[PDB]
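To begin, one chain is listed below as structure tokens, in the form deposited in one PDB entry.
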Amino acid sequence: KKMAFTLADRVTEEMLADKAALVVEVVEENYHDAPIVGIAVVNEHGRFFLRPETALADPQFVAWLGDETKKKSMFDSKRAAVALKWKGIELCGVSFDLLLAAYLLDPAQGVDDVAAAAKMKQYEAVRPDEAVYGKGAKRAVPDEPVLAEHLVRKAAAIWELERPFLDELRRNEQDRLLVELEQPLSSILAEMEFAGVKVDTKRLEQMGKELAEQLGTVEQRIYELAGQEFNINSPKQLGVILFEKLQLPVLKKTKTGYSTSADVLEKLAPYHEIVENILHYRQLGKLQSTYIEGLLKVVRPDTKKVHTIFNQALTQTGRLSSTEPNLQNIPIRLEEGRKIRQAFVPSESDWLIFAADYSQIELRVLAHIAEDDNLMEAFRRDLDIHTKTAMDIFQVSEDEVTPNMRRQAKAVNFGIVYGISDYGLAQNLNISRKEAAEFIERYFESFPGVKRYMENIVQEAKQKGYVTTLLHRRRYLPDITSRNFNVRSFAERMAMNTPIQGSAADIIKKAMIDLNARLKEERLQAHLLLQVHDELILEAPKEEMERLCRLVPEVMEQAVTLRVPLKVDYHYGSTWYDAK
């Protein structure tokens, strides 16, 4: 049965009620400076469809959109908010976002459209977006009659589902998580994405030229050592050269042929000079393809800025993800790649980049949740946690901790946060499972509180069916009861890791909200540009640096109060590279 609605030619008072489900449709996946194809409003007076050119030109409608007292319920309000920002229109009063609500109730459902969220409450009177718009090269905006009914059905679904979703969130003790954390954060992310980050394209192009020369040199050296030319970027062709022509040892395979992963080549390095060259070729090749050419592809030709999109409703732990471009995986570990960051610069003259990061937030969160006396004391003394861990597991004094010992203790700490297992640690340190098991036993002997916590959280996941974070984020773990060892073990590691990674996510999200409130109170021009899991990157006038050096760390350290202190380091400079 078709859904009734008015296909209006002009905006009317009835369409501007103080509460409504609103749909501002942006079909392009990347909504930056993208078209709004249609608008639907459902309220107490009825259902309406409005053409964008008409509604967005209407003074009354624009005023309604920007009136905080006129409440709107939507799905993915950030998409609408940003598309509107590009048009110079402010969207205010969004009191409910169905996408974020669904995400909090169950991140595993992978809800990415209204139909998916609605199915959670047995509501199916709305079609999936893909069914209406198609996918890939066949994607397109349907004729008005089809488009209009779809937007109205989405608005109608949002109108009907708000109460049931809010009711379940309340039962889960997640009502504040949605209203005081995720929704306010959505507006902040919208501002960050819209602001964008300035790129020194001249610098990038120059780097690309130098890289091209180096790649050519290494490429030729590879063919010389191989005795022939081949596609180095072809794992299949490479495997033939390495394991057949050069007779290198086969220590691991894949599916179609031999394995040539970095971990494999690193071990084969001692056998032939060609290996080190292949690894170098791959390093430079990634910089060229992704961080030079790929980046330049998404830089806006007019402003020279990149506008990422932070997916706020994707990760299973509560973290954000970043795309087109992903600004959360810019090289930094190796100096040659780190130089890439010299291309990310302030957007205005005489401004600087300011970066603040939490020091060991995951292990500090673990100390707090596990209430481990030894771990808490370690952070209360602000000790080098990896050196401390080495001292404890190897039973030696600080002066007796060797570099190799610290390195292995650090690996143990990573394993503890990820969800420890002898195989995982053995694989990472290239040692036997038995040896790894001994390291783990020693760790738990020194941190009995952490041991109790890991045992208890797995038991809790089985009893309740899910685990939670500090601010009540939830993750269901049905595989925790599997009779298949591998499947169950993966779920157990998720039970151990999610409260840690997820609570750290909760904390920085709250820090972002608190920070923006302080920046506004102080009327600073400084603003957030990026978030990279445990760090915040801002840009501001050089004249604001001293104030930021005190303000940002304080706000981040005070976001929440734990049993141990939170510590934040910070740096600033002329480019992202220099904010070190």
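Don't overthink the numbering: it's just position in the shown sequence, from 1.
The discussion below concerns the form solved in complex with a small molecule, not included here.
At a distance threshold of 4.5 angstroms between non-hydrogen atoms, residue 94 is out of contact with the small molecule in the entry with it bound. Looking at residue 401, you'd find every heavy atom of it more than 4.5 angstroms from the small molecule in the entry with it bound.
Interface residue remark: residue 355 is not counted as part of the site for the small molecule in the entry with it bound, having no heavy atom within 4.5 Å. Residue contact check for residue 119: none of its heavy atoms lie within 4.5 Å of the small molecule in the entry with it bound. Only one segment in the set 296-304, 182-190, 260-268, 169-177 has residues whose heavy atoms sit within 4.5 Å of the small molecule in the entry with it bound; it is 169-177.
The contact with the small molecule in the entry with it bound, taken as any heavy atom within 4.5 Å, belongs to 470 out of 491, 284, 204, 470.
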